[PDB]
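Trainee: Take this structure, written in structure tokens, and hold onto it; I'll ask about it next.
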Amino acid sequence: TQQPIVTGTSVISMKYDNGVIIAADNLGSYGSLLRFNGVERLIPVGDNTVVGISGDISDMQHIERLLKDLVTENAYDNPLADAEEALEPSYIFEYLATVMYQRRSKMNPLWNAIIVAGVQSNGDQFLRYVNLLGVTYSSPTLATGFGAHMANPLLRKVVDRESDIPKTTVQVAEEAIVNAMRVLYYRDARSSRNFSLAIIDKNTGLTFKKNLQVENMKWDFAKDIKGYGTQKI
Amino acid sequence: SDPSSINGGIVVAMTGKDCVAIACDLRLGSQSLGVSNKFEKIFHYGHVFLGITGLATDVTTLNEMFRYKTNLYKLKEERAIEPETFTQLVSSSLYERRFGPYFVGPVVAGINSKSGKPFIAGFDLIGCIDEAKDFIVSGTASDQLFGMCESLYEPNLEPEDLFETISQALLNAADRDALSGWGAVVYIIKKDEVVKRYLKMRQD
Amino acid sequence: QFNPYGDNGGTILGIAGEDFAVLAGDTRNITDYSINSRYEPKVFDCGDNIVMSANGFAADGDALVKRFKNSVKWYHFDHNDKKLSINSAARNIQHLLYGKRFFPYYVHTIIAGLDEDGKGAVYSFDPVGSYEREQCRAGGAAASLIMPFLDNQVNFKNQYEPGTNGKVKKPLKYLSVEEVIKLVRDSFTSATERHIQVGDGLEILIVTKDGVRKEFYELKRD
Amino acid sequence: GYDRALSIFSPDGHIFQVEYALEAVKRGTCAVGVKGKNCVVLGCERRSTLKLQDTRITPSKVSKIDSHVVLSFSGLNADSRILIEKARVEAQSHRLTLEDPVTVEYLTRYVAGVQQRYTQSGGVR
Amino acid sequence: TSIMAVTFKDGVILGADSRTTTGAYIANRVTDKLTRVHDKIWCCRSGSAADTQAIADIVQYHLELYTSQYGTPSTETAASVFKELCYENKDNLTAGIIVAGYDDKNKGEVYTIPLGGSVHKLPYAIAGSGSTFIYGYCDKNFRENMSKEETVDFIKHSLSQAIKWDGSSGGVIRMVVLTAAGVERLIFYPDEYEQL
Amino acid sequence: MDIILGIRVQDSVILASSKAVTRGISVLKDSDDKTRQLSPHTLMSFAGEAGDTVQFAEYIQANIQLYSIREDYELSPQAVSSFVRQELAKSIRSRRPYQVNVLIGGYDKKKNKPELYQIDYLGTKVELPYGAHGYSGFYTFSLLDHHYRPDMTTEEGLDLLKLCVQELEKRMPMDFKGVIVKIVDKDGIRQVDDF
Amino acid sequence: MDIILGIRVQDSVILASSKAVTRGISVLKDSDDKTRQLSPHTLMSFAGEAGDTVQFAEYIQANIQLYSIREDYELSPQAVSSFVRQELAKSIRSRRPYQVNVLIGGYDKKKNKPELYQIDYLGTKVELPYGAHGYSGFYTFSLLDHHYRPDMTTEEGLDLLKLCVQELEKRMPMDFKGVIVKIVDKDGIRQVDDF
Amino acid sequence: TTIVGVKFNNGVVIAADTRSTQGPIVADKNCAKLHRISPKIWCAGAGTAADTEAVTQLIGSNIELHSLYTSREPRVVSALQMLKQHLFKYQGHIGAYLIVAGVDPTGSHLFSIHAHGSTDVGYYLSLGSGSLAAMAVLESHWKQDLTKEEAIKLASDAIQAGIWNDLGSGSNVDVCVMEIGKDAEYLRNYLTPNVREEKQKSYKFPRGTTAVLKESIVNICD
Amino acid sequence: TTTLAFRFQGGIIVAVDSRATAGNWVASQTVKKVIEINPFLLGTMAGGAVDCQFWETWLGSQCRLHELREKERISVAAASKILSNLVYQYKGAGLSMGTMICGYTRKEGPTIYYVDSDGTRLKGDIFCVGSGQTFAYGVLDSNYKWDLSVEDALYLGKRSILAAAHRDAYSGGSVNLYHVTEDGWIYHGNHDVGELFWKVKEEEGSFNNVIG
Ligand SMILES: *[C@@](C)(CO)[C@](*)(O)[C@H](CC(C)C)NC(=O)[C@H](Cc1ccccc1)NC(=O)[C@H](CC(C)C)NC(=O)[C@H](CCc1ccccc1)NC(=O)CN1CCOCC1
Ligand SMILES: *[C@@](C)(CO)[C@](*)(O)[C@H](CC(C)C)NC(=O)[C@H](Cc1ccccc1)NC(=O)[C@H](CC(C)C)NC(=O)[C@H](CCc1ccccc1)NC(=O)CN1CCOCC1
Ligand SMILES: *[C@@](C)(CO)[C@](*)(O)[C@H](CC(C)C)NC(=O)[C@H](Cc1ccccc1)NC(=O)[C@H](CC(C)C)NC(=O)[C@H](CCc1ccccc1)NC(=O)CN1CCOCC1
Ligand SMILES: [Cl-]
Ligand SMILES: [Mg+2]
Ligand SMILES: [Mg+2]
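Protein chains in written order, with the authors' numbering: chain M, 1 to 233; chain W, 1 to 204; chain L, 1 to 222; chain C, 1 to 125; chain b, 1 to 196; chain X, 1 to 195; chain J, 1 to 195; chain V, 1 to 222; chain K, 1 to 212.
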């Protein structure tokens, strides 16, 4: 039995025609206090997988170490560690899913919501979710926390079902993700303006973008809003 | 100690072609103990029919209350109350007890004597009107009734066909609920004739 | 305080014919008032012509299916590739569930297939392992909606022969695979209308002596 | 714990420790059992090189396992006490769970099973 | 919330963020927490949105009725009416209000009224959840008899930090300037204040 | 308080009520009459919370007697039962409700019919051929379902009632010290002294 | 379980134990013997939590019988009571204690004296001329304080015991369905069949 | 519920879904959540259904009496003030969450009211369980100087977001357009994107299927 | 549940209902509440369904192991005590079981043992177990005699379950009958309450509370 202390908010993601996109802001909140601002919550595993983590940061750092150690262990007595026997997104996910469910079953969970985004060796897009309860699910768009409530509706307008994935380009997909991150900054009280974004493409590979900022924000209309009902000044 | 499921019981109402049906089970119990198999839950004030599920004392009290009010209505208005009007009266009366409510699930059914239109309506315990073209359900087997009605129901049924549909909806719903059953009554209501039928059902 | 359980919604439905059996389930996966996935299958082919679904808390559902699938694998290893009969599978599943009697799998489990006489079989389990063979069973969130409809349409309950004064019952008979699929589709569209956790898609697994076939149908997405 | 396999097979297929245990029995005082038509009688030898004995308190050769079953023996006296004790405990345990006293065959089968266990358990003779 | 009121040479300036929250959801990102109870008597609202609105509305009614009979009320009088409501109904209120006004005799005045319903007359006042993070900064930087531009910068820099650290604060920085000249509304957007 | 039974037969209503008054680990009395005559042809038995039972019974008794004097006329059992139900229905939403369950056995002189009404503390009224309150019903209802016939005589009803009391004396945990039996018919109310 | 009594007289110990086994609102049995013979001259009655009572009684019985076979000798009532007390004293600080109260009536053959021991589930032992467990004591102790004499015969003890049972049948709330009476003396243990 | 309000050039538009729930059960598939306070002041209500209806009718009644008393068309701020003071008095126990909008001699207005009595002002607002889905759309597509047709599109799109993504919302989209100098147009079932598909089978029973015990004519006449 | 079993001149009658509930939800009307342990032993089930089902089929395995080891069918006393000692180990853990072990052996004759989940074990001639036990007792006790015929005893057992099925909301479905003799148990059919109630009402003239 735990309670989360230092926390990370929404992780959002979606599939597009050649791969997957995933994003998460760089904030480590301490309750209402916006304590840490240089926190990277997207963690690449190899050149084909990115694990996005929300929830307790101490448990996130533990998971980082497990993934780091998984890469080391996979390399042992493995001449094809950088080829046919490299770590797949599906292997990494299933490992995490096993751990999450084992920990919830011992009544001592890793207090996290996790999205594993990547591209399989055969080119297939991989995007699957797992959380502190060991619950798992997959969808063309996946999001955690407030992202589930606000990002998914926006991302589902682009990719509403499986057949919409081949029709969605990386330009359109990234635009929707970046727009969603702005909406979350407007509306989530534990979000920051700064964020990271990762693209895993079956052709161009892993592109990790750091120090992005929410921009093109609408605030001008605020000047016209006076009082809370009557008041004219 | 959940007032709405101490005594048990169910009511269902349906519309058809120039007709309406309202049906109810006959059980009154005290939790596991079945007490009465004659406890009817449908009443009528003129041509307007009211079914009431939930706490049996409140079922009785509200019947007596609406008889009281519809009688005064008729004396002053010099005409029988209509289903649409009665529905509003039920809603007002229930909401009057907003923070000390009657633990009931009433269902209005009837045909407007002027327009000839079939009318049904349902309420929650504090008076929210739930109007419906097709059907209204209420009671301890409301989930079961929702499932039965949603699948079995079709629009514009003739009075004789509508009888079969509503009866099968109630019977099969009641048999999946421990606190409902022990007999059943069905009212088939046409513009100027009303038929009341008692159904044969399993007595466990 | 940490709550180890959750509700992933959805509903499942098993019907048995004369020489076949179907196990249906919607593909919607939810938590609270949010949709997690519109297509997340929870009806699985477990081998030996046994299909299985464990509906409720998905983490426990997957864990169970995973363990039973593994049980089928080891049954082959330990008993010279012998086919696991549906009755033997059912008893095995009881022990899986009851093994966690004091920290239960939060699921309604249903399996379907053929018995050793080639006839359609459906077995259903409570969360802690009590099981029963039936012609008919609905499980999950909309079970209370669908089940009475099945009593009426599959087992002809409360239906008497017209004109016999309610004395002669409507005689029991096996339904064709065409008629069963009609009842499954109507059951799920009705459940979708009146239950918020049910919708998106319907996936049916049909089991005959020839193997396991699949059928998919769209459901309302609201 | 002491683990040594003391009872083991020899080239000719004999377990010498079990066979040497029989020699201890052969050394022990003679015991005889004769069953009649409606009774059983257990006779036992007591060696007469021991005078100045106190026969009131000296352990008797025949022991009651329950009110209806008796056990005599030949061989090591100290070893017999362990078997008798176990047998007496099992007798009461049987009455407790089966609500019926042991049969003579059952009690024998138990005692025999104990003896066997000591022929292929590590660290024991 | 993060709110503050600061007296200066020509009068007083009120300042506030624009965030209203339900848990961690921002129900309103363009809220106006600076409210008029009289021509040149305003207040900053923190705590329950419903309670502070209900209080402000009653105070505005009282001061309007006061004005009809006895002419313009003092800022002290306005603070007293706020206090009376907050103190007598302390069991049923969650309201932290800063009252600020401009007399011609008394010039700029600031009164703060915390949860208990006590009254405290100060040179400047800070309040709301985000105020905790700027006690150190404001104490070190506040000076009496500042100019308009210095006071605007003081409030802007202060609320900028409060907003930066407090999750319950954000959006735009609204300000209201109270002087003999009149009433001036100011607004400052994230793109400006965030990078201070 | 605990056991109150009622059986309506062809020409009468028979009420049986336990004699025990128990408090803590002491049976304080074994001859308690848990009934009040409301009118010459109407009898009410009662069971429930201590104090409430008698206070309620006598309050109803006074009201019915007041009515009888005012109108020089006896209220029908149906009318009395409706009056009692309404009082309990008021009571349940009071500051302190009457925790009293009652049976009303009456003979309607206008209809020439016996009538038995069962009313609980919530104000839940039902007319029945046979009734019970508390745990008694869990044994007696099934027993009466089997042995009861609507055309029975008063003597047959008393034998049917003996069968109930015997079953209760066999299977009930508590010693209720037997019952006082009273009969309501066209000639009024009388007590059976040897039961 | 409920009523267990014990009376030590001149030459014997008399134990009386109620026959009722009640669960919920049903008397499941009315002929239950709440006692076990531990040895030919030692009898133990018991009352308390369902399941625990018999499980404990039989466990003690097995142990005493085991001792008797091992030593070919009967333990004194004092020795048996001390063994039982220690078991309960261990039990009370266990994960799940035996919720069982007992009376041990025995005849010491070496002393030629009857002995009655009262032991509760905590392991509280006392030797007494007369004893009781549960609510029974609240009536019987004062009654025996008055009527008991140390030099009474077995027949006088049975009449004294009848007086207790009558009082309990009068004033106890629950129907305990009479008692099984057993006598422990120099000739062993025997049951009184007509009580 | 999902409810929204959007301001435009010459007025204001409000919209709502039409699902009414009872736990996880859809009680009403087409209920009206748009309420008329006065001819040109309309209200969208979320929360406790009886409370939203009762509070909107009470204030609507008092607004009519006020209008007749003052010989003036009612103002939105009057409805706003009367609603909030009523709701505040009851300390949130009256679970009415309202979006109040309309046109009056002062102009066009858009407000929201919460159960505890707090009011908000905005150009775009959303309330109810699906408000986050709706607000996401509103935050993504809203701009200053919307036309009538653009505001209707934006409003209905925001409701749709709730319909599809929120389990608490569903069925149809109701709209009401309040433009200055014109009559308010109430567009009941403006969109119906959740029509029930044809059933696979007719469940019309053969006449005489149900077993009957008694028949009798009921007297409704005097 | 409602279950009963009573001893009489011609052996043992065992009768049970077939309903299974989850709160007020009627989950099944066709549950087998009698377990056939061997040709001479029966077990009845009431309480938690799998607790009963699991441990009573486990009991059957233990009884089989006894007759393999001892070359003799287990006694009713010993069989009941295996179950009672098992549940006693789980005492406090929350098992919910009300069972009756009924059977015949040479040394015992016809024997019935009541065994429940708090460790109570009782030999007796009549027992009714379950939520509707009191309803069954009312009819059974008032009509019971030792000298009942096999035909009358079977009917009384059936009629007692019917009585409980009717009044108890958590009993119903159908009646399963068994008769135990010196030759073993004999099944006497599944009797649906749907038809049985009306058949009994008409032929017997009882159930006058119900609208005919
Ligand atoms: C900062 C945020 C904190 O100091 C500011 O002070 C602002 C003040 C401005 C807006 C005037 N405060 C808030 O935004 C305020 C924070 C708050 C919340 C609860 C108690 C005190 C202060 N937020 C509110 O008042 C919101 C406004 C609504 C969303 C328009 N109201 C709520 O959150 C209400 C509060 C009800 C209440 C509780 C205790 C005392 C008084 C009122 N709660 C809900 O609506 C219930 N909500 C349902 C969903 O589950 C979470 C709870
Ligand atoms: C979306 C769906 C959710 O936000 C919308 O907000 C809609 C608003 C529209 C319909 C105006 N909200 C609902 O549909 C609303 C959701 C809800 C439920 C319960 C509490 C608060 C909100 N549903 C209702 O209000 C239903 C109305 C239907 C048509 C009957 N009412 C109930 O479910 C009532 C609750 C009444 C209540 C009393 C006291 C305090 C709060 C609420 N509940 C029942 O009827 C349940 N039960 C039935 C059996 O008898 C006992 C009562
Ligand atoms: C009469 C009919 C009533 O008691 C009998 O006693 C029968 C005995 C027969 C079946 C052997 N008893 C029941 O039917 C019994 C009643 C009961 C329920 C719970 C505890 C004790 C007694 N019912 C069950 O055991 C049902 C079995 C059927 C197949 C549904 N099982 C449940 O209710 C399960 C498991 C309950 C449980 C016991 C111990 C630990 C954990 C759980 N619970 C659910 O299925 C939960 N529920 C189903 C509906 O969907 C929401 C979740
Ligand atoms: Cl505000
Ligand atoms: Mg029943
Ligand atoms: Mg939806």
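Just so it is clear, CB atoms sit at the ideal spot from N, CA and C, and this is done for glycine as well.
1. Might you give, ordered along the chain, the residues of its own chain that have their beta carbon closer than 7 angstroms to the beta carbon of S18 (chain K), omitting 5 neighbours on each side?
2. With distances taken from CA atoms, which of X:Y139, X:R190 and X:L158 is nearest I25 (chain J)?
3. Please decide whether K133 (chain W) counts as near chain X, where near means a Cβ-Cβ distance under 9 angstroms.
4. Measure from the C-beta of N63 (chain J) to each C-beta in chain C and report whether the shortest distance is under 9 angstroms.
5. Of the residues W:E193, W:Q203, W:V186 and W:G139, which one's Cα is nearest the Cα of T210 (chain V)?
6. Measuring only from the beta carbon, is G172 (chain K) closer than 8 angstroms to any heavy atom that is part of ligand 5?
7. Does the separation of the CB atoms of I50 (chain L) and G140 (chain L) fall below 9 angstroms?
8. If the cut is a Cβ gap below 7 angstroms, which residues of chain K does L107 (chain C) touch?
9. Contact criterion: CB-CB distance below 9 angstroms. Does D2 (chain J) meet it with respect to chain K?
10. How do the region 126–136 of chain V and the region 1–9 of chain V stand: do at least 3 beta-carbon pairs fall below 8 angstroms, yes or no?
11. Step through the CB atoms of chain b and report whether any lies within less than 9 angstroms of the CB of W219 (chain M).
12. Can you name the start and end residues of the beta strand (DSSP E) that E115 (chain X) belongs to?
13. Less than 9 angstroms separating the beta-carbons of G51 (chain W) and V90 (chain W)?
14. Is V69 (chain C) helix, strand or coil by DSSP?
15. Could you compute how far the alpha carbon of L85 (chain b) sits from the alpha carbon of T21 (chain V)?
16. For my contact list, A47 (chain X) and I4 (chain X) are in at a C-beta cut-off of 8 angstroms; report their separation, rounded to the angstrom.
17. Name the chain J residues whose beta carbon is nearer than 7 angstroms to that of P173 (chain X)?
18. List the residues that DSSP assigns as beta-bridge partners of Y16 (chain M).
19. Does the beta-carbon of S96 (chain K), which I'm using as the reference point, lie nearer than 8 angstroms to any heavy atom of ligand 3?
20. Taking the alpha carbon of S74 (chain C) as the point to measure from, which residue in C:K35, C:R4, C:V124 and C:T29 has its own alpha carbon closest?
21. Would a C-beta distance cut-off of 9 angstroms place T151 (chain b) and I13 (chain b) closer than the cut-off?
22. Could you work out which residue in V:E179, V:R75, V:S118 and V:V121 is closest to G11 (chain V) when comparing CA atoms only?
23. Is any beta-carbon of chain L found at less than 9 angstroms from that of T30 (chain K)?
Mentor: Taking the structure as given:
1. Cβ within range, chain order: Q29, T30, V31, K33, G173, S174 and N176.
2. Of the candidates X:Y139, X:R190 and X:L158, the residue whose Cα lies closest to the Cα of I25 (chain J) is X:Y139.
3. Output row for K133 (chain W): interface = no.
4. Yes, its Cβ sits closer than 9 angstroms to a Cβ of chain C.
5. Answer by Cα proximity: W:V186.
6. In this structure, ligand 5 has a non-hydrogen atom nearer than 8 angstroms to the beta-carbon of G172 (chain K).
7. No, the Cβ-Cβ distance between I50 (chain L) and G140 (chain L) is not below 9 angstroms.
8. In chain order: nothing, as chain K lies at least about 13 angstroms away.
9. With respect to chain K, the C-beta atom of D2 (chain J) has no partner C-beta closer than 9 angstroms.
10. Under the Cβ criterion (8 angstroms, minimum of three pairs), the region 126–136 of chain V counts as touching the region 1–9 of chain V.
11. So, interface residue.
12. It spans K113 to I119 - the beta strand (DSSP E) in which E115 (chain X) sits, taken as one unbroken run.
13. 9 angstroms or more divides the Cβ of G51 (chain W) from the Cβ of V90 (chain W).
14. Annotated three-state conformation of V69 (chain C) is coil, per DSSP.
15. Inter-residue distance for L85 (chain b) and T21 (chain V) is about 40 angstroms (C-alpha atoms, whole angstroms).
16. Correct: roughly 5 angstroms between the Cβ atoms.
17. The contacting residues are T22, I25, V27, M174 and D175.
18. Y16 (chain M) is not bridged to any residue.
19. Between ligand 3 and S96 (chain K), a heavy atom-to-CB distance of less than 8 angstroms is present.
20. Selected option, being the one with the closest Cα: C:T29.
21. For the 9 angstroms CB-CB criterion, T151 (chain b) and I13 (chain b) form a contact.
22. If we check each option's Cα against that of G11 (chain V), V:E179 comes out closest.
23. Contact with chain L is found for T30 (chain K), since one of that chain's Cβ atoms lies less than 9 angstroms from the residue's Cβ.
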